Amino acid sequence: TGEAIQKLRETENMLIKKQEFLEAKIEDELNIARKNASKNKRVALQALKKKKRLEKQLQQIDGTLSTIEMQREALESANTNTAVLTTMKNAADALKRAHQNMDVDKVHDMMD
């Protein structure tokens, strides 16, 4: 049902924690590199190597997140149309009754 939007959030919301988790570990690795940049090339390079891979995990979480967002915004659209189109036709039904009754009044005059 529309509850699908509920699972799209919470999913999206969990995905932001992953996103904030990576951003966290990225600056973490970065600060390791900073403090070992000149004193310890080995450790510094392991950091930048971990950082570069974390950043990659962040891109495809970003791309995935926006993908999630749009499907939520596609459900929202289709969810409103569901209401709009039912009242839209309900109206055209009522309107057709008006036009129908009119046509029956004319035929009722032919009864003379």
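Each residue number is its position in the shown sequence, starting from 1.
- Mean C-alpha B-factor is higher over 6-14 than over the other stretch, the pair under comparison being 6-14 and 20-28.
- Each of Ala47, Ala83, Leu65, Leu58 has a CA temperature factor in the record; the biggest one is found at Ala83.
- The entry lists a Cα temperature factor for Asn36 that places it in the lowest third of the chain's modelled residues.
- In the deposited entry, the Cα temperature factor of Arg72 places it in the highest third of its chain's modelled residues.
- Among the modelled residues of the chain, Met102 sits in the highest third by CA temperature factor in this PDB entry.
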